[PDB]
Each structure stands twice: as C-alpha cells, then as structure tokens.
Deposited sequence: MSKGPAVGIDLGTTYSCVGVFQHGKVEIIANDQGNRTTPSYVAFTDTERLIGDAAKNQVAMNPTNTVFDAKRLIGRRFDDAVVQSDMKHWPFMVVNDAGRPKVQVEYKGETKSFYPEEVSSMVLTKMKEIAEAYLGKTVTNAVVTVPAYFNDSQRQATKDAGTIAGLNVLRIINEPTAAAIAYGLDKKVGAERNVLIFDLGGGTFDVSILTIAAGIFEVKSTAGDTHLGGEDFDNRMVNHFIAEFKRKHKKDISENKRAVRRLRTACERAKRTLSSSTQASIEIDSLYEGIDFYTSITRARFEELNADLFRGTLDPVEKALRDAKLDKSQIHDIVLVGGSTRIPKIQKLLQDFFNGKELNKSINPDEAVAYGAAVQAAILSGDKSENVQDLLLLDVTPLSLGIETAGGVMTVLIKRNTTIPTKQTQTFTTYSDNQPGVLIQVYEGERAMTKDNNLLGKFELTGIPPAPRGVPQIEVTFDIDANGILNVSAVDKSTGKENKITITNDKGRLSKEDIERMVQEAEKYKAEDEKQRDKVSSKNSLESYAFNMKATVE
C-alpha cells in the first residue's frame, strides 16, 4: 500500500514508512532499526545485513561493504583507486567500470556497485514487507547532495534491480530538513546547516528553503571521518596502556584487537551519556585480564583534533554559500556520532549558543524525511523565480531575487558597453542561471536617443515593479534626458508548477561552477548592449 523511504548509507541503511499519521522506522529481523550495508558470500549462501557483518572476521575477503563509495563512478577515478587500497575485497575493471570480485559457492563472481546496493535494497525491501505484511514497490531513496546525475541514476538502477519503483531521488540533507519540517515554517526563506557525522563519513550541507523549495547552497566535509576513527584513537590509547603496564604489545593478535575495539566503541557510546566508562576484557592477551576505565575528558583529548576539525568544513560551506554564521536559521544534527557531547558543544559555541535540532534520532532522520516524501508523493505572495535583465556578454543581472515579497520595487543603474552607444535593449529574463541562454525571456524593449558619450558614461535607471497581483512593470529611464520606456509583463496564469521551480533550482545547482566561471568573465557588471546576445552569430 504505502511507499517506503530508504536511507541507503555507506555503512548502515535505514527504512521508514508513514502510516496512521506517524513515521515508523522499521526494525529488521534481528530487531535493529538500522541494518549494516554489508553483503557476504559464503560456500552456501548470500548473507545481507546483520548476518553479513556478524561474520566479517571469518570471511573478510568475501564480505563487501562501503559499496556506496564506488557507485556511479568509473574505475579510473582517483577516489576509487585510493579507496581500493583499504578494502579486503578485490576491485576489477570491466569496460571502464569497477566491480567487486568475491568467491561464492566455489565460483568467482563479480558485481557492479549498483548490484551490491540492489542487494542491500532487497534486504530493506524484505524488512519493510515483513513489517507491513504486504509487498512494497514504491520507494524514495536518498543520496548525498554532492552526487552527480550518473551516481543518482546508478542508485535508481540499484533500486530498480531490487524490484523497487524509485519515485524520486532526494538529497540526504534535504530529507533531514523535511523530517524536521523546516519547509513548513512561516516567514521568509531560511538558511539550514545539516551537520552529518556518521560512522565513516562527515558531510556539511548548507541549504536555503524558500516557499517549500530546497536549494543546496554549498557542500563540504571529509569522506573518511567518522566514529570509527574515534574508536581507533581509543584502541591505540589502550594498546599503549597495555604495553606500558604489562610490557606486551597486543597488536600481533587480531582477536585481541577486535575485542578491544568492540569494547572501545561500546565505551564511547556510554561516554556520550556518562562522564566515564569501564573496559573489562577477560584474558585480553597472554592470560592477562584488562580491567581499566576512561573518562569523557580523556576521550575528548584523544579526539581533540578531529572534533575541532569538524568546524573547518562548516566554515568552508559558509564561505561557499556566501553567508555569515549569524545568517543560519536552522542547524540539524544527523548521524550517530553527533550524539558526542563535545561535538554538540563545539557546534553550538561556534554559532554563539544557538539551539540544535536533535530531537529526531540522528541515525533515522534521513529515512524519516524520505518516508515523509514518499507518503507525500503517494498521497498525504512571493516571486517564484529570480527576475533580471541581460547585460553585456549575455549574462543575467538579477534585480529581484527569488522569493521576494510582493508588492515590491527595485531599481538599479546601468550604462553603455560601447562608445557613442545610441540605445540599450532592455531584455527581461526569469530564471536561476547566470547566462540568459538558460533563462526564460519574458519581454524586451528599446531605449533609444542616448546622447553620444564614451562607454560607461551614460546612466540608465532600470526599475522592476511588482504589484500585489504580480503584474510586472519594467521601466528604463535615460538619467541625462528623462526619456523613458517601459513594458508590462503578465506574471500570472499558473504558468509554473512547484516541480518546474524545483527543476530550475536544481539545474542552477548542477551548473553552479560553470555559471560562476562565466558570470565573472565580463569585467563590468552594469553594462547594457544594444542587441540580443543569444541571437548573435557564433561558430
């Protein structure tokens, strides 16, 4: 009946469903609300989820994980080549694509990353079906905001292979914002910072929500920073302590290191709520029992550099979004590692004591929002687009930013581009792209009779006026003569849907770097030509 929302993560995945007016995070066959993104191949069977991770020490060369780091990418990507050196399983090239290679029932088998992701999605689908007691078909799957079209199509194909109808691919930070209802808040546009610290990845996203529209302003972070690194800091600390007390290095014994790491991770999770935790391991190495403790302050000291360095991607995302820290309206914690009190204190002090949105389980908020969006897609006055004019080089110069309260009036001064320019062609465009090629022409009019003058000397005042009904009047005045011209543009008729605005905003997101590189190509910013650039001859 209902559609599910799936957070397909690198190490863990989550599935939720909106029923009875409530989002429910679905527990698996072992009772866990999150399922490891592991696929294991043995002599007899294919294990997925908890069963696959529970035997990783026994079958490490045939237990696949972190397949999300490969999906949508080609084999010769530097990211893939760098990640291959850290995995116990083999990665091979097949016509320019990476594949994981394992042994299964005594035969060598290779799978594309989307195939392993399809196995994980099959597990999540079966979990949802066991919970709901019916076949689940429609689903919303989330991806990192920095995913390109290829990676998103690969994730959708992974969904399709698993028998899922992928209604839509949405961004994980957007899903986290939807779970908190930040798109349903009253007032002007809101700036949202999603701080996502999981088991092995760290993602900072800066979005702007305006009239229910999500625009990804910036993304940053560290693809190899998570709770596993904190566990490893603890493990090295305790190995040093054991070597210092009992004069023995336990690094030689793999099982001792495994037991120590499990104890350290559990003690870390304890330290999120207590100021100290105990480590009790019987016969850790050479019969010696290891019974010790660790304070929260010592744990923070062991991870001081990583904890404090989480703030640098925040600064980078703020700079790339052209926003001050005080301009952020909402802060959303996602990922289990955000339960660490020192991380929360660092983030809150950085924002001068602002409260953090953390009431939703940070391991489940992405699947929460995905389920909300799946239920929406299954059944559950401001300006819509930026308005501007074409300036020299055919670039878009915006006078009324998107999501501006009407009625409004905005005036800007422009000038001529060539010497002795007799007139200017005011060309009104609507869109979120830097070049007028990729925007929508609404109208144009000419302003002639400009007295001969050098370039940059004449002054042309251009005014955009939007009344309460949305009727757009654009006027141009020669400031040296008072001569004027104008045009009226009917901004009505329901010509745009919410999906149209979302598509235009996401296309502006996709070509952000090229739009920036071509916007600053022209030297002057308020120079008007006399012709239409998009109708000029080019090779």
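Counting from residue 1 of the deposited sequence, the stretches lacking C-alpha coordinates in this chain are 1 to 3, 384 to 394, 554.
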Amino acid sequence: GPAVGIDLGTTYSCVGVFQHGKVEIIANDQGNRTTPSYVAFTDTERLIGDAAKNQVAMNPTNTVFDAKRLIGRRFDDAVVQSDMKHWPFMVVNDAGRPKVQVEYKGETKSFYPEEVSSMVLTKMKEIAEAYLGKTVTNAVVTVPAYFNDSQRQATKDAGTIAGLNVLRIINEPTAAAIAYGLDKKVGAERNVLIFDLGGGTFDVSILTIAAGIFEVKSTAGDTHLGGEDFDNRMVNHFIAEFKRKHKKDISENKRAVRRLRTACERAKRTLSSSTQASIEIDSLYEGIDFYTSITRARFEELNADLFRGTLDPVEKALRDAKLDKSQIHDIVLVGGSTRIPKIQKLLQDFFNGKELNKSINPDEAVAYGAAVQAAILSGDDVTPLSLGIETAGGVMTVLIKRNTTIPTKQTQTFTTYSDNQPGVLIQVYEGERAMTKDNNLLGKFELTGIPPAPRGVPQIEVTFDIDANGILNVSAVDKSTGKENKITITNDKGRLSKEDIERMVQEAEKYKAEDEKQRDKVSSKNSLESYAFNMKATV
From here on, numbers count along this sequence of modelled residues.
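Take the two forms, superpose them, and find the largest set of C-alpha atoms that agree within 1.5 Å; that set is the rigid core.
When the other structures are laid on the shown form by the core, the C-alphas of 247 to 255 and 182 to 190 differ in how far they drift in 7 other deposited structures of this protein; the larger average drift belongs to 182 to 190. Of the two stretches examined, 333 to 341 and 193 to 201, the one with higher mean CA deviation in 7 other deposited structures of this protein after a rigid core fit is 193 to 201. In the record comparison, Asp222 is modelled in each of the other entries of this protein that model the residues flanking it, with no third of them omitting it. Where the other entries of this protein model the residues before and after it, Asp380 is dropped from at least a third of them.
Here 256 to 264 and 381 to 389 are compared by their mean Cα B-factor, and 381 to 389 comes out higher. Higher mean CA temperature factor, per the PDB entry, when comparing 509 to 517 with 62 to 70: 509 to 517. Annotation for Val235, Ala145, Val100, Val424: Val100 ranks highest, by Cα B-factor.
Across the residues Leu496, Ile487, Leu47, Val477, the deposited record lists the maximum Cα B factor for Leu496. In the PDB entry, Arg190 places in the middle third of its chain by CA B-factor. Looking at the C-alpha B-factors along this chain, the one for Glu107 belongs to the highest third. Per-chain ranking of the deposited C-alpha B factor places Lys483 in the middle third.
The deposited CA B-factor of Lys53 belongs to the middle third of values across its chain. When all modelled residues of the chain are sorted by CA temperature factor, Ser37 is found within the lowest third.
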